[PDB]
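Position 1 is the first residue of the sequence; numbering continues from there. Computation of the quantities below employed the complete heavy-atom set of this structure, encompassing side-chain atoms and omitting hydrogens, waters and symmetry-equivalent molecules.
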Amino acid sequence: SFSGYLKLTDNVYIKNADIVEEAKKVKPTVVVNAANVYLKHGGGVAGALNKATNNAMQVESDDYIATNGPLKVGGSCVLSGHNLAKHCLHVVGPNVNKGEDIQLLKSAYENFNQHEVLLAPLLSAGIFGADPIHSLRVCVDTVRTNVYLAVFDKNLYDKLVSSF
Ligand SMILES: O=C(O)[C@@H]1CCCCCN1C(=O)c1ncnc2[nH]ccc12
(Lines give C-alpha, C1' and ligand atoms only; values in the text may rest on other atoms or scores of the structure.)
Protein backbone atom coordinates (compact mmCIF):
# COMPACT_ATOMS: atom_id res chain seq x y z
CA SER A 1 0.00 0.00 0.00
CA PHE A 2 0.88 3.75 -0.05
CA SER A 3 3.40 4.85 2.58
CA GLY A 4 5.13 8.07 3.61
CA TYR A 5 2.24 10.37 2.65
CA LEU A 6 1.19 13.47 4.56
CA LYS A 7 -2.56 13.70 5.09
CA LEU A 8 -4.05 16.98 3.79
CA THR A 9 -7.77 16.17 4.17
CA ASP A 10 -10.07 13.18 4.89
CA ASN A 11 -9.33 11.88 1.35
CA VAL A 12 -6.27 13.73 -0.09
CA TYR A 13 -2.68 12.68 0.68
CA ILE A 14 0.61 14.04 -0.66
CA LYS A 15 4.26 12.90 -0.97
CA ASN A 16 7.46 14.27 -2.53
CA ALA A 17 8.02 11.45 -4.94
CA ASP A 18 8.60 10.51 -8.55
CA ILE A 19 5.18 9.14 -9.67
CA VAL A 20 6.95 6.57 -11.91
CA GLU A 21 8.92 5.17 -8.98
CA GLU A 22 5.84 5.32 -6.78
CA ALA A 23 3.77 3.42 -9.36
CA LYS A 24 6.50 0.75 -9.75
CA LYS A 25 6.63 0.29 -5.97
CA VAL A 26 2.91 0.31 -5.18
CA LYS A 27 1.41 -1.07 -8.44
CA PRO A 28 -1.81 0.86 -7.69
CA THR A 29 -5.17 0.03 -9.23
CA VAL A 30 -5.10 3.42 -11.01
CA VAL A 31 -2.30 5.76 -11.91
CA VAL A 32 -3.34 9.13 -13.39
CA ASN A 33 -1.52 10.48 -16.42
CA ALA A 34 -1.38 14.25 -17.10
CA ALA A 35 -2.38 13.75 -20.71
CA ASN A 36 -3.11 16.02 -23.67
CA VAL A 37 -6.13 15.50 -25.95
CA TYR A 38 -4.09 13.56 -28.50
CA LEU A 39 -2.53 11.22 -25.92
CA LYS A 40 0.90 12.20 -27.26
CA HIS A 41 3.07 11.43 -24.23
CA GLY A 42 6.15 13.48 -25.04
CA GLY A 43 7.21 15.20 -21.86
CA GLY A 44 6.31 15.92 -18.25
CA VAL A 45 4.57 13.20 -16.30
CA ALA A 46 3.16 11.68 -19.54
CA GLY A 47 6.58 11.31 -21.15
CA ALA A 48 8.00 9.80 -17.95
CA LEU A 49 5.13 7.28 -17.54
CA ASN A 50 5.29 6.32 -21.18
CA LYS A 51 9.09 5.82 -21.12
CA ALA A 52 8.64 3.55 -18.03
CA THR A 53 6.27 1.36 -20.11
CA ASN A 54 8.92 1.06 -22.91
CA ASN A 55 6.48 3.04 -25.21
CA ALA A 56 3.68 0.49 -24.79
CA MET A 57 1.44 3.31 -23.37
CA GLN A 58 2.00 5.36 -26.56
CA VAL A 59 1.27 2.41 -28.90
CA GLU A 60 -1.97 1.69 -27.02
CA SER A 61 -2.80 5.39 -26.98
CA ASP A 62 -2.32 5.80 -30.72
CA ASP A 63 -4.73 2.90 -31.38
CA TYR A 64 -7.26 4.53 -28.98
CA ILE A 65 -7.04 7.89 -30.81
CA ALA A 66 -7.25 6.21 -34.22
CA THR A 67 -10.53 4.61 -33.10
CA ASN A 68 -12.11 7.35 -31.00
CA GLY A 69 -10.53 10.69 -31.90
CA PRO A 70 -9.13 13.10 -29.37
CA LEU A 71 -10.30 13.57 -25.83
CA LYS A 72 -11.91 16.83 -24.66
CA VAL A 73 -9.94 19.24 -22.43
CA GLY A 74 -11.35 18.32 -18.99
CA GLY A 75 -11.99 14.74 -20.09
CA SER A 76 -10.43 11.36 -19.62
CA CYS A 77 -10.19 7.79 -20.73
CA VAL A 78 -9.19 4.57 -18.98
CA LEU A 79 -6.45 2.52 -20.60
CA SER A 80 -4.01 -0.14 -19.40
CA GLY A 81 -1.53 0.71 -16.63
CA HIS A 82 1.00 -1.68 -18.29
CA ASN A 83 3.84 -2.45 -15.80
CA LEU A 84 2.92 0.51 -13.60
CA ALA A 85 -0.68 -0.02 -12.44
CA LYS A 86 -3.77 -2.08 -13.33
CA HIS A 87 -5.19 0.97 -15.21
CA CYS A 88 -4.03 4.38 -16.32
CA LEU A 89 -6.60 7.14 -16.15
CA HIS A 90 -5.48 9.63 -18.79
CA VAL A 91 -6.83 12.99 -17.70
CA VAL A 92 -6.59 16.24 -19.68
CA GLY A 93 -6.27 19.32 -17.58
CA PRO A 94 -6.25 22.71 -19.35
CA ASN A 95 -2.85 23.77 -20.67
CA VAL A 96 -2.49 27.48 -19.78
CA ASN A 97 0.63 27.65 -22.08
CA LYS A 98 -1.83 26.86 -25.00
CA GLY A 99 -4.58 29.35 -23.78
CA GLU A 100 -7.08 26.80 -22.40
CA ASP A 101 -9.75 27.80 -19.87
CA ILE A 102 -8.44 27.17 -16.28
CA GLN A 103 -12.08 26.64 -15.15
CA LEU A 104 -11.82 23.29 -16.95
CA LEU A 105 -9.41 22.15 -14.18
CA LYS A 106 -12.36 21.35 -11.90
CA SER A 107 -13.98 19.21 -14.71
CA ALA A 108 -10.63 17.42 -15.15
CA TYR A 109 -10.47 16.54 -11.43
CA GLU A 110 -14.09 15.29 -11.46
CA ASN A 111 -12.85 12.31 -13.51
CA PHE A 112 -11.05 11.09 -10.37
CA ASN A 113 -14.41 10.55 -8.63
CA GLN A 114 -15.08 7.53 -10.82
CA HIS A 115 -12.26 5.60 -9.04
CA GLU A 116 -12.08 4.66 -5.36
CA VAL A 117 -8.39 5.29 -5.04
CA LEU A 118 -5.76 6.82 -7.33
CA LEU A 119 -2.06 7.66 -7.47
CA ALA A 120 -1.91 11.06 -9.27
CA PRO A 121 0.07 14.13 -10.14
CA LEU A 122 -1.31 17.71 -9.76
CA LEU A 123 -3.22 18.43 -12.96
CA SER A 124 -2.32 21.40 -15.20
CA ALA A 125 0.85 22.05 -13.14
CA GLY A 126 4.43 21.75 -14.50
CA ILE A 127 4.66 22.22 -18.22
CA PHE A 128 0.87 22.74 -18.42
CA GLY A 129 1.48 26.22 -16.92
CA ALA A 130 -1.08 26.51 -14.09
CA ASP A 131 -0.26 27.51 -10.52
CA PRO A 132 0.24 24.23 -8.57
CA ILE A 133 -1.16 25.84 -5.38
CA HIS A 134 -4.38 26.49 -7.32
CA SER A 135 -4.34 22.95 -8.72
CA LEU A 136 -4.06 21.43 -5.20
CA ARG A 137 -6.94 23.67 -4.00
CA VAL A 138 -9.17 22.53 -6.86
CA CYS A 139 -8.16 18.87 -6.22
CA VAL A 140 -9.11 19.05 -2.51
CA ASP A 141 -12.36 20.89 -3.24
CA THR A 142 -13.43 18.53 -6.09
CA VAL A 143 -12.16 14.98 -5.53
CA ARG A 144 -14.12 12.90 -2.97
CA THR A 145 -12.33 9.56 -3.58
CA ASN A 146 -8.94 8.69 -2.08
CA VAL A 147 -6.17 10.46 -3.95
CA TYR A 148 -2.45 10.02 -3.33
CA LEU A 149 -0.60 12.92 -4.92
CA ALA A 150 3.01 12.52 -5.92
CA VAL A 151 4.91 15.81 -6.33
CA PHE A 152 8.29 15.37 -7.99
CA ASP A 153 9.84 18.74 -7.11
CA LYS A 154 11.00 18.95 -3.44
CA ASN A 155 10.84 22.71 -3.35
CA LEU A 156 7.32 22.78 -4.76
CA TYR A 157 6.23 20.01 -2.33
CA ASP A 158 7.47 22.10 0.61
CA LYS A 159 5.64 25.22 -0.70
CA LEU A 160 2.40 23.24 -1.28
CA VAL A 161 2.36 21.82 2.27
CA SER A 162 3.39 25.09 3.99
CA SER A 163 0.77 27.16 2.14
CA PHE A 164 -2.09 24.59 2.35
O1 LIG B 1 5.29 16.59 -10.04
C2 LIG B 1 6.03 17.56 -10.31
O3 LIG B 1 6.76 18.26 -9.41
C4 LIG B 1 6.15 18.01 -11.76
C5 LIG B 1 6.69 19.43 -12.01
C6 LIG B 1 5.86 20.59 -11.44
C7 LIG B 1 4.53 20.28 -10.75
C8 LIG B 1 3.47 19.58 -11.54
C9 LIG B 1 3.62 18.10 -11.81
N10 LIG B 1 4.88 17.74 -12.46
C11 LIG B 1 4.86 17.12 -13.64
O12 LIG B 1 3.92 17.22 -14.41
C13 LIG B 1 6.06 16.33 -14.07
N14 LIG B 1 6.60 16.83 -15.19
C15 LIG B 1 7.60 16.15 -15.74
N16 LIG B 1 8.18 15.03 -15.31
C17 LIG B 1 7.65 14.57 -14.17
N18 LIG B 1 8.05 13.47 -13.47
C19 LIG B 1 7.24 13.34 -12.37
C20 LIG B 1 6.33 14.34 -12.34
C21 LIG B 1 6.58 15.16 -13.48
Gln114, CD atom: more than 12 neighbouring heavy atoms under 6.0 Å: no
Heavy-atom closest contact (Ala125 atom, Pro132 atom, distance): CB-CB, 4.0 Å
Short side-chain to backbone donor-acceptor contact, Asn97 and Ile127, under 3.5 Å: yes
In residues 47-56, what donor-acceptor pairs under 3.5 Å come from side-chain atoms, sequence neighbours left out?
{"residue": "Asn50", "atom": "OD1", "partner": "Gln58", "partner atom": "N", "Å": "2.9"}
{"residue": "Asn50", "atom": "ND2", "partner": "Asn55", "partner atom": "OD1", "Å": "2.9"}
{"residue": "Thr53", "atom": "OG1", "partner": "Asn50", "partner atom": "O", "Å": "2.8"}
{"residue": "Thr53", "atom": "OG1", "partner": "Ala56", "partner atom": "N", "Å": "3.3"}
{"residue": "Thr53", "atom": "OG1", "partner": "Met57", "partner atom": "N", "Å": "3.0"}

Side-chain heavy-atom pair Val31, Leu118 within 4.5 angstrom cut-off: no
For the student: nearest non-hydrogen atoms of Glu22 and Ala17, plus distance: OE1-CB, 4.1 Å
Beyond-backbone contact of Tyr109 with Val32, side-chain heavy atoms, under 4.5 angstrom: no
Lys24 side-chain N/O to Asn83 backbone N/O, donor-acceptor pair under 3.5 Å: no
Under 3.5 Å: donor-acceptor pair, side chain of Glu100, backbone of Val73: no
Mutual orientation of the aromatic rings belonging to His41 and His90 [parallel < 30°, tilted 30-60°, perpendicular > 60°]: parallel
Backbone of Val92 reached by a side-chain donor or acceptor of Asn111 within 3.5 Å: no
Distance-only criterion, 3.5 Å: show the donor-acceptor pairs between side-chain atoms of residues 156-164 and protein atoms not counting sequence neighbours.
{"residue": "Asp158", "atom": "OD2", "partner": "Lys154", "partner atom": "NZ", "Å": "2.7"}
{"residue": "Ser162", "atom": "OG", "partner": "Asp158", "partner atom": "O", "Å": "2.8"}
{"residue": "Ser162", "atom": "OG", "partner": "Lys159", "partner atom": "O", "Å": "3.3"}
{"residue": "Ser163", "atom": "OG", "partner": "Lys159", "partner atom": "O", "Å": "2.7"}

Any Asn11 side-chain heavy atom under 4.5 Å of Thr145 side chain: no
From CA spacing to verdict: side-chain contact (heavy atoms from CB on, under 4.5 Å), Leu149, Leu136: CA-CA 9 Å; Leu149 293 168; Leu136 177 54; 3.6 Å; yes
Closest contact, heavy atoms only, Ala120 versus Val147: CB-CG2, 4.0 Å
Closest non-hydrogen atom pair, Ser1 against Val26: O-CG2, 4.2 Å
Close side-chain approach of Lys72 and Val37, heavy atoms under 4.5 Å: no
Atom CG of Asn68 with >12 non-hydrogen neighbours under 6.0 angstrom: yes
Shortest non-hydrogen contact from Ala150 toward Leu119: CB-CD1, 4.2 Å
Contact check, side chains of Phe152 and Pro121, non-hydrogen atoms, under 4.5 Å: no
Sub-4.5 Å side-chain heavy-atom contact between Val91 and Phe112: yes
Close side-chain approach of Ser61 to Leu79, heavy-atom, < 4.5 Å: yes
Gap between atom NZ of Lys25 and atom OG of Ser3 - 0.5 Å precision: 6.0 Å
Heavy-atom pair with the smallest gap, counting every atom of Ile65 and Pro70: CD1-CA, 3.8 Å
Side-chain heavy atoms of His87 within contact of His115, under 4.5 Å: no
Partner of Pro94 under side chain to side chain contact (heavy atoms under 4.5 Å, CB included), chosen from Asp101, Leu123, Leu104: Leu104
